[PDB]
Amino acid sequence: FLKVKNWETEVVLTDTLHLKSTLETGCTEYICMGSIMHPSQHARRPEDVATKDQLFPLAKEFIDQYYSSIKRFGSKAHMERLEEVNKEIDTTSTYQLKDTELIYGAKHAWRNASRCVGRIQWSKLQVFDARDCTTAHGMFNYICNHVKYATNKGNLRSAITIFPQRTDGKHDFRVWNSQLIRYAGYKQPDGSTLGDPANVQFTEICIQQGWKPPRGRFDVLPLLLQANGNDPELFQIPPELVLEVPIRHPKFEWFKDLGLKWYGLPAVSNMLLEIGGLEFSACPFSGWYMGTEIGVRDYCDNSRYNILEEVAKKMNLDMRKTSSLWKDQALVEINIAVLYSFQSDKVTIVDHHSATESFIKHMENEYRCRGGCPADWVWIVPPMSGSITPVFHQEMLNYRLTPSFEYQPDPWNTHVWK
């Protein structure tokens, strides 16, 4: 047993779920790696060509968990499923999930994502089975339908589309984009950057693949889709599917003249979904934004759009010294505008006060029914106004449960072209 305490309310919770932890965190009793971005390379099966004694134990564990989840441990269907997975592995070196197992696994990977403040929503996830896909054109069709369903004219719905699992590591399906909808970034001749600097490398690959860049500040990037290990292919998302929000301020009339906008649907497309030893290398998932992601990180990181200096100018703030807090003052105003703008256009968004409150409630729920909730304080606490949100004062235990979402390498570092 391990207790976590909220230092604002004095609520103490007791964690037993961590006893089911599978993978190393990176920490030891002598060193804590809680702020390392990727602390551990402890995986569940070697790189590929997993033998029977390597894959079957992972499959048995997942099937066991699913059938226990539904109160059917030891049932005929459970025992039948085990022998079924045994035969498939024997005859194909892999196995295939039932539709129910796939949905269960995708929801539990989200439920297990310790870095995610949005998991109160975890069991409301629309799962699109795209395991019949064979080509980049088919991937594009599946993605377009995902975007259209999830956007829902601004009433955003959480969804995930699951493309065929990895077989041998040479026939991977991959979305080369980091998100389905991102803005381009361009290296200027003098040395500055136009657009989004995070995406300069990916933009150059698109350009180097034939994409004609409009060379603007908010150029929706094309999709670069790889099916069955083949060379990736470019597709333009139909603009009527890409919902965008112009950013204005409820007090500063001049704010709109900064020419800022952002897109409504965040859709992460470069993670790997791991279920029962199976690896889904293309599994784009989407929900909706917390305001700070755009207002604090996308707009105000120094290596991102870096707009703090410009906003502070128009606000006529004393920018001579840091102690005037001109950065902090402009940062607030920017995040007010982002929220006001989304809310004005009826595009789903959550502020960091409401999101963190919801997450404290989700923590309650999880400790009550499940005996714990893995949570990464470093990621859960919002990047502004940390201590006036409830999660700042909440102790959290972090451990790794399966199914899960994992990082994976950018495919241009590993793909051999044709």
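All residue numbers refer to positions in the sequence shown, first residue = 1. For clarity, a rigid core is taken as the largest C-alpha set superposing within 1.5 Å between two forms.
Note on 51-59 and 376-384: with rigid core alignment, C-alpha atoms in 8 other deposited structures of this protein sit farther from this form for 51-59. Looking at 351-359 and 24-32, the one farther from the shown form in 8 other deposited structures of this protein by average CA distance, after a rigid core fit, turns out to be 24-32.
Looking at the other PDB entries for this protein, residue 46 is absent from the model in a third or more of those that include the residues around it.
Here the stretch with the larger average CA B-factor, out of 77-85 and 178-186, is 77-85. Stretches 87-95 and 219-227 differ in mean C-alpha B factor, with the higher average recorded for 87-95.
Among 257, 240, 279, 333, the highest C-alpha B-factor recorded in the PDB entry belongs to 257. The top Cα temperature factor in the record, among 347, 194, 267, 290, falls on 194. Sorting the modelled residues of the chain by their CA temperature factor places residue 56 in the highest third. Residue 27: CA B factor lies in the middle third for its chain, per the PDB record. Per-chain ranking of the deposited C-alpha B factor places residue 275 in the middle third. The PDB entry assigns residue 21 a C-alpha temperature factor belonging to the highest third of its chain's modelled residues. Placement of the Cα temperature factor of residue 252 within the chain: highest third of the modelled residues, per the deposited record.
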